[PDB]
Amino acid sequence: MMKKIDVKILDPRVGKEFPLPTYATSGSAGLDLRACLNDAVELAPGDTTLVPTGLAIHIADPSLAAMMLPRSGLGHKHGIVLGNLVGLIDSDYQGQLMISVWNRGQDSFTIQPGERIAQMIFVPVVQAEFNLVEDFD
């Protein structure tokens, strides 16, 4: 399925100097998120920093969620992943999307303004209601 999602641009560079997230191909599962920074940030081995995106989304449909994931190349080659490992975005969240960037490797890394630093997928979710039982089938 396809879905239109309302988005608010919070920093006027988003959609200009810092491109809006896009799907690379018709068959891509995820879109790439970019670092909305004024200057580069040096991240030493072991350290975590919070990177803004300059945007907010409103998924609004409670049957849908988004998940933020590391990029494959950054993660495998540079040890640049997420501090919370995976970021879960609720359908009712309307704040700025923030990225927890963590250096899990041994080499210092320069995070540049505008760099694709994470990816984000939209997946269907189910809200569970618990039915208390003494035994299962």
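The first residue of the sequence shown is number 1, and the count goes up from there. Take the two forms, superpose them, and find the largest set of C-alpha atoms that agree within 1.5 Å; that set is the rigid core.
Between stretches 112-120 and 12-20, greater average Cα displacement in 6 other deposited structures of this protein relative to the shown form, fitted by the core, falls on 12-20.
With 25-33 and 80-88 compared on mean CA B-factor from the PDB entry, the stretch scoring higher is 25-33. The residue among 55, 65, 69, 74 whose C-alpha carries the highest B-factor in the deposited model is 55. In the PDB entry, a CA B factor belonging to the lowest third of its chain's modelled residues is recorded for residue 121. When all modelled residues of the chain are sorted by CA temperature factor, residue 48 is found within the middle third. Annotation for residue 20: C-alpha temperature factor in the middle third relative to the rest of the modelled chain, per the entry. Sorting the modelled residues of the chain by their CA temperature factor places residue 108 in the highest third. When the modelled residues of the chain are ordered by C-alpha B-factor, residue 59 sits in the middle third.
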